[PDB]
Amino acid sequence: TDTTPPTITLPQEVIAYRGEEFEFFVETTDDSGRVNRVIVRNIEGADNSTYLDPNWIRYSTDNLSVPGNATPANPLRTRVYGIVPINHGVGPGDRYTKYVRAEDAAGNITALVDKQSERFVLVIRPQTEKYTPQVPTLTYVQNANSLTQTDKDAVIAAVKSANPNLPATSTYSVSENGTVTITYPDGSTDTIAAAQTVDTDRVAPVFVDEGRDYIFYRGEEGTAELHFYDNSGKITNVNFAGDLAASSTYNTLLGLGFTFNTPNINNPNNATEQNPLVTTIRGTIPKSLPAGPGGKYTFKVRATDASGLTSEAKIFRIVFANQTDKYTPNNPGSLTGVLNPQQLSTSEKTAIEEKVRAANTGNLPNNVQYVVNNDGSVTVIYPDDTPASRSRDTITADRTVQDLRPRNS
């Protein structure tokens, strides 16, 4: 006859967080392979007792009283589960020792012995003891002792972003100096100290292209890309009219129809070292302005961050240049024969221009004017050429002309 009770395997300690659900499994086997009952109960009561408290601890066995439910390979599984009430205590006495018994098909039941037989300890802990908040990226403010409401909202957002595994219903408050209090649904809390959340914004925005000269070719549309970042990574305004003198040159550039575009000026995180704020200046220096010593505009630009720290006016220049500096003419594919190198005919000059034009398509601007001189050399005149600023190239006669006179005897 089967005279042996079943074997019960279960965790000795189960940590349950106040307000959340818990669940774990009891595994029961017997030598006979069959178990008829699994029970969870308080230690007190008679041998036949099934009384268990509190009401929220629950349990269930899905396959009781069947052959093969309880062997080494197909153990009987009992689910113990429930939801800890939201107002439960979390003091050292907020724990529960409950006893587990099993009975086989021949009636052998496991022994029940206070503090000695099969049992688990259910310990109730606050939700804060389950989570460890990640420190956020620093938020830079005007005054670390007295944050504004947009500073507080900026800290909360950066704490939320670094902690996406905190409970959905967690509430957050930021103190006057930035100290973050995370409050969990059970009322337990957590604090991020001001040192890890905020700092007084002390450094103004950096103009990366300080002292740069951007070459604009007269008569050709060009662009200049200006770069700024900030330690906060946020820039709220770029100013080109800081003082009367900067306001005048800048106003002069707008008169020529230049535009100034900063597409990400109203966005957050728009100005970091890696991904800097970009101002693009776009326009054409007309040919009426000549290149040379005074062919330039000196600008002073200032940028401000969200803490209102404005930088000291910094400098860049637009520098005018002639189209000749940018282009280099191709030589024609063959020379043109001339009866007299001293003085080319009209037809001779015409064939030369045809070949020089044909060799430069895709290289020089389509509206370049070629002047074939009397000696067969070629003046290339670019569209921006003016008396006050010449923009021309020369192709020498030895690249365009071939003597066709016969040789002596």
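The numbering used is simple: start at 1 and walk along the sequence shown.
Participant: Quick check on the record: does 98 to 106 or 165 to 173 carry the larger mean Cα temperature factor?
Facilitator: Mean CA B-factor is higher for 165 to 173.
Participant: Please work out which of 116 to 124 and 179 to 187 has the higher mean CA B-factor as recorded in the PDB entry.
Facilitator: Comparing 116 to 124 with 179 to 187, the higher average CA B-factor belongs to 179 to 187.
Participant: Kindly indicate the residue among 78, 336, 279, 74 with the greatest C-alpha B-factor in the PDB record.
Facilitator: Each of 78, 336, 279, 74 was compared by C-alpha B-factor; the highest is 74.
Participant: Maximum C-alpha temperature factor per the entry, among 221, 230, 201, 243, belongs to which one?
Facilitator: The C-alpha B-factor peaks, among 221, 230, 201, 243, at 243.
Participant: Can you tell me whether residue 91 has a C-alpha B-factor in the lowest, middle or highest third compared with the other modelled residues of the same chain?
Facilitator: For residue 91, the deposited C-alpha B-factor lands in the lowest third.
Participant: Can you tell me whether residue 259 has a C-alpha B-factor in the lowest, middle or highest third compared with the other modelled residues of the same chain?
Facilitator: As the PDB entry reports it, the C-alpha B-factor of residue 259 lands in the lowest third of its chain.
Participant: Considering every modelled residue of the chain and its Cα B-factor in the PDB entry, is residue 394 in the lowest, middle or highest third?
Facilitator: For residue 394, the deposited C-alpha B-factor lands in the highest third.
Participant: Residue 14: which third of its chain by C-alpha temperature factor?
Facilitator: Answer is lowest: the recorded C-alpha B-factor places it there.
Participant: By the recorded C-alpha temperature factor, relative to the other modelled residues in its chain, which third is residue 156 in?
Facilitator: Answer is highest: the recorded C-alpha B-factor places it there.
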